[PDB]
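Asks: entry-v2.txt is reproduced in full below (compact mmCIF, C-alpha atoms).
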# COMPACT_ATOMS: atom_id res chain seq x y z
CA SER J 1 -24.25 -33.99 15.28
CA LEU J 2 -25.38 -31.06 13.14
CA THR J 3 -25.67 -28.75 16.16
CA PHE J 4 -21.95 -27.94 16.10
CA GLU J 5 -22.09 -27.22 12.36
CA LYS J 6 -25.13 -24.97 12.85
CA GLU J 7 -23.39 -23.10 15.68
CA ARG J 8 -20.26 -22.63 13.56
CA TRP J 9 -22.33 -21.34 10.64
CA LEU J 10 -24.19 -18.94 12.94
CA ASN J 11 -20.92 -17.67 14.43
CA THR J 12 -19.46 -17.14 10.95
CA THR J 13 -22.60 -15.28 9.84
CA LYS J 14 -22.47 -13.09 12.96
CA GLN J 15 -18.76 -12.34 12.56
CA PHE J 16 -19.04 -11.60 8.81
CA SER J 17 -20.26 -8.03 9.47
CA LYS J 18 -17.40 -7.29 11.87
CA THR J 19 -14.98 -8.89 9.41
CA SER J 20 -16.22 -6.63 6.60
CA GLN J 21 -16.00 -3.51 8.77
CA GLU J 22 -12.47 -4.44 9.84
CA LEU J 23 -11.63 -5.23 6.20
CA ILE J 24 -12.60 -1.79 4.93
CA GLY J 25 -10.91 -0.06 7.88
CA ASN J 26 -7.71 -2.07 7.45
CA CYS J 27 -7.80 -1.40 3.70
CA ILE J 28 -7.89 2.34 4.44
CA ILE J 29 -5.02 1.88 6.89
CA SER J 30 -2.94 -0.26 4.53
CA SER J 31 -3.35 2.04 1.50
CA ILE J 32 -2.50 5.14 3.50
CA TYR J 33 0.48 3.21 4.88
CA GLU J 34 2.00 2.37 1.51
CA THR J 35 1.48 5.96 0.41
CA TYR J 36 2.30 8.25 3.33
CA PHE J 37 4.48 5.95 5.47
CA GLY J 38 7.44 4.94 3.33
CA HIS J 39 10.10 7.55 4.02
CA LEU J 40 9.93 8.42 7.75
CA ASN J 41 11.36 6.71 10.82
CA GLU J 42 9.51 5.16 13.75
CA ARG J 43 8.93 8.10 16.12
CA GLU J 44 7.31 10.48 13.65
CA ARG J 45 5.42 7.62 12.00
CA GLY J 46 4.06 6.72 15.43
CA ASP J 47 2.95 10.31 16.00
CA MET J 48 1.37 10.35 12.53
CA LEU J 49 -0.47 7.08 13.17
CA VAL J 50 -1.70 8.53 16.48
CA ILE J 51 -3.07 11.61 14.70
CA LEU J 52 -4.55 9.44 11.93
CA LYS J 53 -6.32 7.18 14.44
CA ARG J 54 -7.69 10.13 16.41
CA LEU J 55 -9.04 11.62 13.17
CA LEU J 56 -10.59 8.24 12.32
CA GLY J 57 -12.19 8.21 15.77
CA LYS J 58 -13.58 11.65 15.01
CA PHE J 59 -14.98 10.06 11.85
CA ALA J 60 -15.83 6.96 13.94
CA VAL J 61 -15.22 4.26 11.33
CA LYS J 62 -14.82 0.65 12.46
CA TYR J 63 -11.33 -0.84 12.15
CA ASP J 64 -8.99 -3.24 13.96
CA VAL J 65 -6.99 -2.22 17.03
CA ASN J 66 -4.42 -4.98 16.39
CA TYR J 67 -4.17 -4.26 12.65
CA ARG J 68 -1.24 -5.96 10.91
CA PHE J 69 -0.84 -5.89 7.13
CA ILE J 70 2.00 -8.43 7.38
CA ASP J 71 -0.40 -11.35 7.83
CA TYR J 72 -2.91 -9.59 5.57
CA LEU J 73 -0.54 -9.76 2.59
CA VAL J 74 2.50 -11.98 3.23
CA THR J 75 2.03 -15.62 4.17
CA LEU J 76 4.60 -17.62 6.13
CA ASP J 77 6.12 -19.42 3.13
CA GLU J 78 6.55 -16.18 1.17
CA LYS J 79 8.06 -14.45 4.22
CA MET J 80 10.58 -17.26 4.72
CA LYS J 81 11.42 -17.48 1.01
CA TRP J 82 12.08 -13.74 0.97
CA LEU J 83 14.04 -13.76 4.25
CA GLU J 84 16.41 -16.42 2.91
CA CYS J 85 17.10 -14.27 -0.18
CA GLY J 86 19.11 -11.67 1.75
CA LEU J 87 16.61 -9.64 3.74
CA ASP J 88 16.58 -9.75 7.54
CA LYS J 89 13.77 -10.76 9.91
CA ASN J 90 13.08 -7.14 10.89
CA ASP J 91 9.60 -5.63 10.66
CA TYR J 92 10.64 -2.50 8.75
CA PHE J 93 12.34 -4.62 6.08
CA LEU J 94 9.23 -6.80 5.83
CA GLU J 95 6.93 -3.80 5.47
CA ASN J 96 9.03 -2.01 2.86
CA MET J 97 9.27 -5.29 0.94
CA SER J 98 5.47 -5.43 1.11
CA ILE J 99 5.42 -1.87 -0.24
CA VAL J 100 7.71 -2.94 -3.10
CA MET J 101 5.65 -6.01 -4.03
CA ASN J 102 2.40 -4.03 -3.73
CA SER J 103 3.61 -1.21 -6.04
CA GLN J 104 2.02 -2.47 -9.24
CA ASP J 105 0.48 0.77 -10.51
CA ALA J 106 3.63 2.86 -9.96
CA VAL J 107 7.09 1.30 -10.21
CA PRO J 108 8.68 0.46 -6.82
CA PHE J 109 11.69 2.67 -6.20
CA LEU J 110 14.70 0.99 -4.59
CA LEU J 111 16.61 3.64 -2.63
CA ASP J 112 19.69 1.82 -1.30
CA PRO J 113 23.23 3.22 -1.27
CA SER J 114 24.26 -0.14 0.20
CA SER J 115 22.75 -1.83 -2.91
CA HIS J 116 21.16 -4.69 -0.95
CA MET J 117 17.68 -4.35 -2.46
CA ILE J 118 19.04 -4.91 -5.98
CA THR J 119 20.94 -8.00 -4.80
CA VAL J 120 17.98 -9.56 -2.98
CA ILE J 121 15.60 -8.83 -5.87
CA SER J 122 18.12 -10.34 -8.32
CA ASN J 123 18.47 -13.42 -6.11
CA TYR J 124 14.69 -13.80 -6.06
CA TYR J 125 14.31 -13.23 -9.81
CA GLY J 126 17.13 -15.55 -10.91
CA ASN J 127 18.03 -15.64 -14.61
CA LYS J 128 15.57 -12.90 -15.62
CA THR J 129 17.63 -10.16 -13.94
CA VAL J 130 19.20 -7.68 -16.37
CA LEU J 131 21.23 -4.77 -15.02
CA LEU J 132 21.91 -1.41 -16.68
CA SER J 133 23.37 1.90 -15.55
CA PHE J 134 22.60 5.26 -17.16
CA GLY J 135 23.86 1.81 -27.04
CA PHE J 136 21.82 1.81 -23.85
CA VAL J 137 18.67 2.55 -25.88
CA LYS J 138 19.44 -0.48 -28.06
CA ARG J 139 20.09 -2.63 -24.97
CA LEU J 140 16.77 -1.56 -23.43
CA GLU J 141 14.92 -2.23 -26.70
CA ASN J 142 16.54 -5.68 -26.98
CA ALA J 143 15.59 -6.44 -23.37
CA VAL J 144 12.02 -5.29 -24.07
CA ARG J 145 11.68 -7.50 -27.15
CA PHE J 146 13.30 -10.40 -25.27
CA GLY J 147 11.24 -10.28 -22.08
CA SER J 148 13.73 -10.15 -19.21
CA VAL J 149 13.38 -8.17 -15.99
CA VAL J 150 15.37 -4.93 -16.27
CA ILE J 151 16.91 -3.07 -13.33
CA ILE J 152 18.45 0.29 -14.23
CA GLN J 153 21.08 2.10 -12.18
CA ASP J 154 22.10 5.79 -12.25
CA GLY J 155 18.65 7.27 -11.74
CA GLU J 156 20.01 10.80 -11.26
CA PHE J 157 20.74 11.15 -15.00
CA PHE J 158 17.27 10.42 -16.37
CA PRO J 159 13.93 10.91 -20.37
CA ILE J 160 13.51 8.17 -23.00
CA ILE J 161 11.56 5.52 -21.05
CA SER J 162 8.65 7.86 -20.30
CA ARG J 163 6.08 6.01 -22.43
CA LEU J 164 7.24 2.58 -21.24
CA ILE J 165 7.15 3.61 -17.57
CA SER J 166 3.72 5.23 -18.04
CA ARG J 167 2.45 2.14 -19.92
CA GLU J 168 1.48 3.97 -23.11
CA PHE J 169 1.04 0.68 -24.94
CA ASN J 170 -0.56 0.72 -28.40
CA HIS J 171 -2.81 -2.24 -29.18
CA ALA J 172 -3.91 -3.48 -32.60
CA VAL J 173 -0.01 -4.44 -27.55
CA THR J 174 3.07 -2.60 -28.81
CA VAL J 175 5.71 -0.47 -27.08
CA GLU J 176 6.89 2.83 -28.56
CA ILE J 177 10.57 3.29 -27.66
CA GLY J 178 12.99 5.59 -29.47
CA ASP J 179 11.91 6.09 -33.08
CA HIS J 180 10.64 2.59 -33.88
CA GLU J 181 7.84 0.21 -32.94
CA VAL J 182 8.67 -2.52 -30.43
CA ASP J 183 6.88 -5.51 -28.91
CA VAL J 184 6.48 -6.67 -25.30
CA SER J 185 6.56 -10.41 -24.58
CA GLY J 186 4.40 -9.90 -21.46
CA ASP J 187 6.94 -11.02 -18.85
CA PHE J 188 8.53 -7.55 -18.78
CA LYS J 189 9.27 -5.98 -15.40
CA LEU J 190 10.97 -2.59 -15.08
CA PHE J 191 12.62 -1.69 -11.77
CA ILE J 192 14.98 1.08 -10.67
CA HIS J 193 17.61 0.96 -7.93
CA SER J 194 19.88 3.92 -7.19
CA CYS J 195 22.35 5.07 -4.54
CA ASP J 196 22.13 8.89 -4.64
CA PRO J 197 19.37 10.42 -2.43
CA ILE J 198 15.73 12.98 -7.45
CA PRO J 199 13.75 14.72 -10.20
CA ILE J 200 10.12 15.54 -9.49
CA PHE J 201 8.84 13.60 -12.52
CA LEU J 202 10.83 10.56 -11.36
CA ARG J 203 9.33 11.02 -7.89
CA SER J 204 5.84 11.03 -9.44
CA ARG J 205 6.24 7.71 -11.25
CA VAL J 206 7.85 5.87 -8.33
CA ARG J 207 6.90 5.09 -4.74
CA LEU J 208 9.73 6.01 -2.39
CA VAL J 209 11.07 3.16 -0.24
CA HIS J 210 13.51 4.01 2.54
CA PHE J 211 16.36 1.88 3.88
CA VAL J 212 18.51 4.13 6.06
CA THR J 213 18.54 3.30 9.77
CA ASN J 214 18.56 5.97 12.47
CA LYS J 215 18.03 6.47 16.21
CA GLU J 216 14.48 5.17 15.73
CA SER J 217 16.07 1.98 14.40
CA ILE J 218 18.25 2.03 17.53
CA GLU J 219 15.15 2.14 19.75
CA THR J 220 13.48 -0.60 17.69
CA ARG J 221 16.56 -2.83 17.93
CA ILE J 222 17.02 -2.37 21.68
CA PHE J 223 13.32 -3.00 22.34
CA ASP J 224 13.35 -6.13 20.15
CA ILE J 225 16.48 -7.53 21.80
CA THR J 226 15.14 -6.73 25.28
CA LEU J 227 11.86 -8.54 24.55
CA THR J 228 13.69 -11.42 22.83
CA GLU J 229 16.41 -12.19 25.40
CA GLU J 230 15.76 -10.28 28.65
CA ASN J 231 12.52 -11.99 29.75
CA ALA J 232 12.19 -15.72 29.11
CA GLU J 233 8.46 -15.50 29.87
CA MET J 234 8.19 -12.95 27.05
CA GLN J 235 10.01 -15.38 24.74
CA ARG J 236 7.71 -18.27 25.65
CA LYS J 237 4.54 -16.21 25.25
CA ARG J 238 5.73 -14.81 21.90
CA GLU J 239 6.51 -18.34 20.70
CA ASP J 240 3.11 -19.53 21.94
CA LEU J 241 1.39 -16.64 20.14
CA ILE J 242 3.25 -17.39 16.88
CA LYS J 243 2.40 -21.09 17.17
CA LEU J 244 -1.24 -20.24 17.91
CA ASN J 245 -1.42 -17.97 14.85
CA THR J 246 0.11 -20.67 12.65
CA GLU J 247 -2.29 -23.26 14.09
CA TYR J 248 -5.26 -20.94 13.50
CA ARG J 249 -4.23 -20.39 9.87
CA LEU J 250 -3.72 -24.13 9.37
CA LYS J 251 -7.10 -24.87 10.97
CA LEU J 252 -8.78 -22.30 8.72
CA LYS J 253 -7.17 -23.90 5.65
CA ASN J 254 -8.21 -27.37 6.85
CA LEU J 255 -11.77 -26.17 7.47
CA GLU J 256 -11.90 -24.65 3.97
CA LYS J 257 -10.65 -27.94 2.49
CA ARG J 258 -13.22 -29.87 4.55
CA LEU J 259 -15.99 -27.54 3.34
CA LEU J 260 -14.87 -28.04 -0.27
CA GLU J 261 -14.84 -31.82 0.23
CA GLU J 262 -18.30 -31.71 1.82
CA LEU J 263 -19.59 -29.67 -1.13
CA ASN J 264 -18.05 -32.19 -3.52
CA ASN J 265 -19.35 -35.22 -1.58
CA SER J 266 -22.94 -33.95 -1.27
CA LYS J 267 -15.42 -27.46 18.58
CA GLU J 268 -11.91 -27.11 17.15
CA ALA J 269 -12.59 -23.58 15.89
CA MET J 270 -14.02 -22.51 19.26
CA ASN J 271 -11.04 -24.05 21.08
CA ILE J 272 -8.61 -22.28 18.74
CA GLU J 273 -10.41 -18.97 19.28
CA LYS J 274 -10.34 -19.46 23.06
CA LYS J 275 -6.62 -20.28 22.97
CA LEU J 276 -5.92 -17.22 20.81
CA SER J 277 -7.92 -14.97 23.15
CA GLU J 278 -6.06 -16.40 26.16
CA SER J 279 -2.69 -15.89 24.46
CA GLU J 280 -3.47 -12.34 23.30
CA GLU J 281 -4.07 -11.13 26.88
CA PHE J 282 -0.36 -10.37 27.44
CA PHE J 283 -0.28 -7.23 25.28
CA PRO J 284 -0.64 -4.96 28.36
CA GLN J 285 2.31 -6.80 29.93
CA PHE J 286 4.38 -6.05 26.82
CA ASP J 287 3.28 -2.41 26.95
CA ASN J 288 4.23 -2.14 30.63
CA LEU J 289 7.62 -3.75 29.95
CA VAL J 290 8.23 -1.34 27.06
CA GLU J 291 7.28 1.57 29.33
CA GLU J 292 9.68 0.37 32.02
CA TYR J 293 12.53 -0.34 29.58
CA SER J 294 12.35 2.99 27.73
CA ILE J 295 14.81 5.10 29.73
CA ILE J 296 17.43 2.53 28.72
CA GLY J 297 16.43 3.08 25.08
CA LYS J 298 16.67 6.86 25.38
CA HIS J 299 20.07 6.52 27.05
CA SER J 300 21.12 4.12 24.28
CA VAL J 301 20.19 6.70 21.64
CA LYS J 302 22.07 9.36 23.62
CA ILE J 303 25.17 7.15 23.88
CA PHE J 304 25.18 6.19 20.19
CA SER J 305 24.72 9.81 19.11
CA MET J 306 27.48 10.92 21.48
CA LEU J 307 29.87 8.29 20.12
CA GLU J 308 28.99 9.37 16.59
CA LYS J 309 29.79 12.93 17.68
CA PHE J 310 33.27 11.87 18.83
CA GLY J 311 33.83 10.88 15.20
CA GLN J 312 33.22 14.50 14.22
CA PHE J 313 36.10 15.87 16.32
CA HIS J 314 38.54 13.46 14.65
CA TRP J 315 38.19 11.27 11.56
CA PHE J 316 39.81 8.26 13.27
CA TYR J 317 37.05 7.67 15.86
CA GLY J 318 34.31 5.87 13.99
CA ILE J 319 31.59 3.96 15.83
CA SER J 320 29.89 0.82 14.51
CA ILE J 321 26.21 0.00 14.92
CA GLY J 322 27.11 -3.68 14.72
CA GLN J 323 29.63 -3.23 17.52
CA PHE J 324 26.98 -1.48 19.63
CA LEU J 325 24.51 -4.32 19.05
CA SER J 326 27.25 -6.83 19.88
CA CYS J 327 28.13 -5.11 23.16
CA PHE J 328 24.44 -4.83 24.09
CA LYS J 329 24.24 -8.59 23.50
CA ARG J 330 27.46 -9.17 25.47
CA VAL J 331 26.43 -7.28 28.61
CA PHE J 332 23.61 -9.81 29.15
CA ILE J 333 24.86 -12.98 27.42
CA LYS J 334 27.16 -13.83 30.34
CA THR J 335 16.52 -3.39 40.90
CA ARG J 336 16.97 -5.31 37.66
CA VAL J 337 16.62 -2.21 35.47
CA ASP J 338 19.11 -0.10 37.45
CA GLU J 339 21.65 -2.92 37.57
CA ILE J 340 21.32 -3.72 33.87
CA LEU J 341 21.74 -0.06 32.87
CA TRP J 342 24.74 0.22 35.21
CA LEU J 343 26.34 -2.86 33.67
CA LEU J 344 25.56 -1.60 30.16
CA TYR J 345 27.32 1.69 30.94
CA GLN J 346 30.33 -0.10 32.43
CA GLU J 347 30.60 -2.51 29.50
CA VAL J 348 30.23 0.24 26.89
CA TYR J 349 32.91 2.33 28.59
CA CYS J 350 35.31 -0.58 29.04
CA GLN J 351 34.85 -1.68 25.42
CA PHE J 352 34.78 1.71 23.66
CA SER J 353 37.50 3.44 25.69
CA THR J 354 40.17 1.16 24.19
CA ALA J 355 39.95 2.95 20.81
CA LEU J 356 40.46 6.53 22.01
CA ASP J 357 43.36 8.78 22.93
CA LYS J 358 43.81 9.63 26.61
CA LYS J 359 42.16 13.06 26.30
Kindly present the structure from the file in structure tokens form.
Replies:
Amino acid sequence: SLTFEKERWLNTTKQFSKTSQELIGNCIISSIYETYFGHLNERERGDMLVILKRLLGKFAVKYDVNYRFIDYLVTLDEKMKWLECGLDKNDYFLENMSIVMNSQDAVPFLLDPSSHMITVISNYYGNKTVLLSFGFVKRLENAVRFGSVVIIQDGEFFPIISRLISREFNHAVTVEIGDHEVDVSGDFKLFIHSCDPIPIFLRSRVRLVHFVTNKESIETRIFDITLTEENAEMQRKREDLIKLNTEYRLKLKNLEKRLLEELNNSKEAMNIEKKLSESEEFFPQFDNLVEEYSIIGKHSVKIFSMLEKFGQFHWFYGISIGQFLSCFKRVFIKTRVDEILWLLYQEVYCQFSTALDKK
């Protein structure tokens, strides 16, 4: 009966070294991600990750090929509770949220002309949200001595919160603001959201978080929708992989609880690992499908950029990204690749030639 427990202990002891090596490699990757990967789109960030990984291979330091900081930091409950607060289910939104919630040492900048980050953070915070826009010194001092979370607008007209933002607290823990001594209740959080794309000192104290979509976002959206609705086998294997990951996390939590109970009172893991290894063998299929369905993505970027360029020649010819996503959905809601690109062209023409003059 103890043979299975001994085998599990031996497997854990053997995998501890690989876990530690992957931990330090993934920590390098994650830190360099929240620093140098917060203001660039997907294509150049992919090239930069390629160069970074080839330099790491020159250094030859052990890491994880399937590295994902999303499961490293954000659990499922936190991800759902943040997705219901206003944010989408997209990966870029999840990762910049992770950058925001990991920016403890330097205040997390909220660059959003659409002002969605301020709304979602206020919805998450609740009653503690206090909004200002750059009297105001007295309001900030009152908020500091009260203990409410402060979000300040109009970041382009900012130099009086230097000590507070640099945490120059004086302990006997006091805050020096203006020309008087102030106190901090301890529940103080200072955040900044703006809409105007910044002084160099402000850049130093903040970590830049980007929101603006682009043609890289177009490629990401078309790839996601293709993998999510084009191939039902892809949908079923993605659902099986997600369920297997959730089951593995639940089994790890149950095993930890069982170990704690055994410590207090003094098979399944192998099957879960085998199922996970069997399910994670479809990554090359996803890569091949992405390679096949990439000319459609390039043509999609070309079409969207062209339609944006028609808006340059006349101010009454705007093009909507939501409309483009809707028509991409509509061409397939009702040679597979050649036929689907042909139908996408026909649908886009027949739906976007109704809003143009004859010329």
Asks: Pick out the residues sitting within 12 Å of residue 292 (chain J), and hand them over as a list in words; count all atoms listed in the file, and ignore anything fewer than 5 positions along from it in its own chain.
Replies: residues 223, 226, 227, 285, 286, 287, 297, 298, 335, 336, 337 and 338 of chain J
Asks: May I have the residues from that selection written out with C-alpha atoms, as an mmCIF file, in the frame of the given file?
Replies:
data_model
loop_
_atom_site.group_PDB
_atom_site.id
_atom_site.type_symbol
_atom_site.label_atom_id
_atom_site.label_comp_id
_atom_site.auth_asym_id
_atom_site.auth_seq_id
_atom_site.Cartn_x
_atom_site.Cartn_y
_atom_site.Cartn_z
ATOM 1 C CA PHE J 223 13.320 -3.000 22.340
ATOM 2 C CA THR J 226 15.140 -6.730 25.280
ATOM 3 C CA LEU J 227 11.860 -8.540 24.550
ATOM 4 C CA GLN J 285 2.310 -6.800 29.930
ATOM 5 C CA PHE J 286 4.380 -6.050 26.820
ATOM 6 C CA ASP J 287 3.280 -2.410 26.950
ATOM 7 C CA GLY J 297 16.430 3.080 25.080
ATOM 8 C CA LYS J 298 16.670 6.860 25.380
ATOM 9 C CA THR J 335 16.520 -3.390 40.900
ATOM 10 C CA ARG J 336 16.970 -5.310 37.660
ATOM 11 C CA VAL J 337 16.620 -2.210 35.470
ATOM 12 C CA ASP J 338 19.110 -0.100 37.450
#
Asks: Tell me which protein, DNA and RNA residues are within 10 Å of residue 72 (chain J), counting all atoms listed in the file, leaving out same-chain ones fewer than 4 positions away, and put them as a compact mmCIF listing (two decimals) with C-alpha atoms, keeping the file's coordinate frame.
Replies:
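out_35.txt, written as the output of this step:
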# COMPACT_ATOMS: atom_id res chain seq x y z
CA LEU J 23 -11.63 -5.23 6.20
CA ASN J 26 -7.71 -2.07 7.45
CA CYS J 27 -7.80 -1.40 3.70
CA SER J 30 -2.94 -0.26 4.53
CA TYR J 67 -4.17 -4.26 12.65
CA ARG J 68 -1.24 -5.96 10.91
Asks: What gap, in Å, lies between CA of residue 254 (chain J) and CA of residue 272 (chain J)?
Replies: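 Rounded to one decimal, the two atoms are 12.9 Å apart.
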Asks: Taking all atoms listed in the file into account, name the residue in J:107, J:290, J:151, J:260 that is nearest to residue 204 (chain J).
Replies: J:107
Asks: Using all atoms listed in the file, can you tell me which of J:192, J:99, J:56, J:350 comes closest to residue 115 (chain J)?
Replies: J:192
